[PDB]
Amino acid sequence: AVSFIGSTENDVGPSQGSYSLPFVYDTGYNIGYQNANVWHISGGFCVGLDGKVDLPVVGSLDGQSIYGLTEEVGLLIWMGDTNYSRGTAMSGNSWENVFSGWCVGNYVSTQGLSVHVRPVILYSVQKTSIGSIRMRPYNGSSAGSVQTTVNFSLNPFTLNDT
Ligand SMILES: CC(=O)N[C@@H]1[C@@H](O)[C@H](O)[C@@H](CO)O[C@H]1O
């Protein structure tokens with residue numbers, strides 16, 4: 001069994017927030033969103049995760065896409081399971097597997113996710129739509145007609161440059 005228990009729209013990173021080429025502001029996992037309970041799963045239900053970044057790919061760095069916000073600022077993006085360190089560097093604008101998934105036993109548990117980004121200097125940024133994450137039922141399991149996708153928006157912030 002499965003049911004949706006999270007929020008549809010989700011803000012990424014704390015509002016306002018101030019931070020001090022291309023240069024990568026290493027903010028760790030601070031500019032992100034994390035929720036371990038987005039879905040309610042039970043009875044051998046198997047689920048994984050797919051991620052999608054809608055921002056334009058303005059470049060590539062060490063393998064992952066540099067998504068653009070402004071002609072001056074860009075982002076590196078990670079999506080995946082609940083724990084931050086278990087993310088997947090995002091590349092492109094297509095649905096990608098960001099978490100291979102698991103299967104809950106004969107009991108009640110949940111499926112979460114996490115998302116974090118890092119500023120990239122190519123200042124201030126206005127809140128912008130980032131992308132989405134969808135649960136991926138498998139091994140026979142199906143989403144039925146329960147909400148499968150959630151979205152993410154980056155809260156405005158500023159980079160105290162040099
Ligand atoms: C701890 C919790 O509430 N449920 C977690 C869920 O967030 C996570 O997505 C899943 C797969 O790793 O493992 C569950 O145990």
Side-chain angles (χ1 to χ4, degrees), residues 2-14 22 24-41 44-70 73-104 109-122 125-157:
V2 54
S3 61
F4 178 70
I5 53 157
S7 188
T8 294
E9 296 295 313
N10 300 282
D11 291 306
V12 181
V24 180
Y25 269 63
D26 174 281
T27 54
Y29 309 130
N30 290 300
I31 311 178
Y33 177 72
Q34 171 183 62
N35 188 330
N37 318 294
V38 172
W39 283 284
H40 226 265
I41 57 179
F45 197 87
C46 299
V47 65
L49 300 174
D50 292 335
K52 214 255 252 65
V53 176
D54 298 320
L55 298 176
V57 178
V58 298
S60 175
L61 176 62
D62 192 6
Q64 66 184 298
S65 302
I66 296 178
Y67 298 104
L69 295 169
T70 57
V73 185
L75 300 179
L76 295 187
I77 303 178
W78 286 263
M79 300 177 142
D81 195 27
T82 298
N83 301 291
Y84 277 116
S85 57
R86 250 155 279 189
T88 296
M90 297 305 287
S91 287
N93 299 78
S94 307
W95 281 105
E96 307 295 313
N97 177 317
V98 298
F99 170 52
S100 40
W102 73 302
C103 305
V104 61
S109 180
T110 74
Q111 176 55 51
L113 50 69
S114 70
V115 179
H116 79 272
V117 314
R118 280 171 197 160
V120 178
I121 299 301
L122 320 174
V125 171
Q126 300 299 300
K127 53 151 294 185
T128 316
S129 169
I130 295 181
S132 316
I133 287 174
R134 69 191 187 184
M135 79 175 120
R136 182 187 64 250
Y138 66 110
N139 194 60
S141 304
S142 68
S145 77
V146 170
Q147 191 175 313
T148 64
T149 302
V150 301
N151 314 307
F152 301 95
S153 302
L154 176 72
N155 284 316
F157 68 73

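The first residue of the sequence shown is numbered 1, and numbering continues consecutively from there. Heavy atoms only: backbone and side chains are in, while hydrogens, waters and symmetry mates are out.
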A.B. asks: Taking it one step at a time, do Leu113 and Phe152 satisfy side-chain contact (heavy atoms from CB on, under 4.5 Å)?
C.D. replies: CA-CA 12 Å; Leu113 50 69; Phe152 301 95; 3.9 Å; yes
A.B. asks: Would you mind reporting whether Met135 and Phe4 have side-chain heavy atoms less than 4.5 Å apart?
C.D. replies: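 In short, these two side chains do not touch, never coming nearer than 4.5 Å.
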A.B. asks: So, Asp50 and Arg136, do they make that salt bridge, N to O below 4.0 Å?
C.D. replies: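 Looking at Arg136 together with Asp50, the answer is yes, because their closest N to O distance falls below 4.0 Å.
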A.B. asks: Any sub-3.5 Å donor-acceptor pair from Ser65's side-chain atoms to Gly92's backbone N or O?
C.D. replies: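 Present.
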A.B. asks: Check the angle between the aromatic planes of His116 and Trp78 and answer parallel, tilted or perpendicular using the 30° and 60° thresholds.
C.D. replies: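 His116 and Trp78: parallel rings.
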A.B. asks: Nearest 0.5 angstrom please: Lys52 NZ to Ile133 CD1, how far?
C.D. replies: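 Answer for the NZ-CD1 pair, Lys52 versus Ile133, is 11.0 Å.
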A.B. asks: Is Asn10 close to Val115 at the side-chain level, that is, under 4.5 Å between some pair of heavy atoms?
C.D. replies: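 Contact flag for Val115/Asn10 side chains = no.
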A.B. asks: Is there a donor-acceptor pair closer than 3.5 Å between any side-chain N or O of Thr110 and the backbone N or O of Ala36?
C.D. replies: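 Yes, the answer is positive, given that a donor and an acceptor are paired below the 3.5 Å cut-off.
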A.B. asks: Are side-chain heavy atoms of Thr8 and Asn151 found at a separation under 4.5 Å?
C.D. replies: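 Yes, their side chains come closer than 4.5 Å.
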A.B. asks: Heavy-atom distance under 4.5 Å between the side chains of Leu49 and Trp39, does that happen here?
C.D. replies: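 Side-chain contact under 4.5 Å: yes.
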A.B. asks: State, to 0.1 Å, how close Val47 and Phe99 come at their nearest heavy-atom pair, and which atoms those are.
C.D. replies: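 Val47 and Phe99 have their closest heavy atoms at O-CE2, 4.1 Å.
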A.B. asks: Rounded to the nearest 0.5 Å, what's the gap from OG1 on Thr70 to CG on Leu75? Could you check?
C.D. replies: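 Here the interatomic distance stands at 9.0 Å.
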A.B. asks: Could you check if a side-chain atom of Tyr33 sits within less than 4.5 angstrom of a side-chain atom of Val150, using non-hydrogen atoms only?
C.D. replies: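 The answer is no, as the side chains (C-beta and beyond) never meet within the 4.5 Å cut-off.
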A.B. asks: Are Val24 and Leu61 close enough, and set up right, to give a side-chain contact (heavy atoms from CB on, under 4.5 Å), and what steps lead you there?
C.D. replies: CA-CA 10 Å; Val24 180; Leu61 176 62; 3.9 Å; yes
A.B. asks: Testing the basics here: between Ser7 and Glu9, what is the closest heavy-atom pair and its distance to 0.1 Å?
C.D. replies: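 Smallest interatomic distance, heavy atoms only, reads OG-O, 3.2 Å.
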A.B. asks: Would you confirm whether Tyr67, through its side chain, and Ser91, through its main-chain N or O, come within 3.5 Å as a donor-acceptor pair?
C.D. replies: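 Answer holds: yes.
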A.B. asks: Would you say that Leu154 contacts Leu55 through its side chain, given a criterion of any heavy-atom pair below 4.5 Å between the two side chains?
C.D. replies: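 The answer is no, as the side chains (C-beta and beyond) never meet within the 4.5 Å cut-off.
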A.B. asks: Please evaluate residues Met90 and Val98 with respect to the criterion side-chain contact (heavy atoms from CB on, under 4.5 Å), reporting the C-alpha separation (whole Å), side-chain torsions for both, the decisive distance (0.1 Å), and the verdict.
C.D. replies: CA-CA 8 Å; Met90 297 305 287; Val98 298; 3.7 Å; yes
A.B. asks: CG/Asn93 to CG/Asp54 distance, rounded to the nearest 0.5 angstrom?
C.D. replies: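 Those atoms lie 7.0 Å apart.
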A.B. asks: Identify the heavy atoms of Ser109 and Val104 that sit nearest to each other, and give their distance.
C.D. replies: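 Closest approach of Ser109 to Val104, heavy atoms only: CB-CG2, 3.8 Å.
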A.B. asks: Compare every heavy atom of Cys46 with every heavy atom of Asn139, then report the nearest pair and how far apart it is.
C.D. replies: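 For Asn139 and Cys46, the tightest heavy-atom pair comes out as ND2-SG, 3.2 Å.
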A.B. asks: Could you tell me if the side chain of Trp102 sits less than 4.5 Å from the side chain of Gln111, heavy atoms only?
C.D. replies: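 Result yes, sub-4.5 Å side-chain heavy-atom pair found.
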A.B. asks: Determine, step by step, whether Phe157 and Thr27 satisfy the side-chain contact (heavy atoms from CB on, under 4.5 Å) criterion, reporting the C-alpha distance in whole Å, the side-chain angles of both residues, the deciding distance to 0.1 Å, and the verdict.
C.D. replies: CA-CA 12 Å; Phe157 68 73; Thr27 54; over 6 Å; no
A.B. asks: Could you give the distance from CE (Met79) to OG (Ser132), rounded to the nearest 0.5 Å?
C.D. replies: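 Nearest 0.5 Å value for the CE-OG distance: 7.0 Å.
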A.B. asks: Of all the heavy-atom pairs spanning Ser141 and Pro137, show the shortest one and how long it is.
C.D. replies: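 Here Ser141 and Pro137 meet closest at O-CB, 3.5 Å.
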A.B. asks: Looking at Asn30 and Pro14, what are the two nearest heavy atoms and their distance?
C.D. replies: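 In terms of heavy atoms, the two residues are closest at O-CD, 3.7 Å.
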A.B. asks: So do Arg118 and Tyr29 actually touch side chain to side chain, heavy atoms under 4.5 Å?
C.D. replies: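 In contact.
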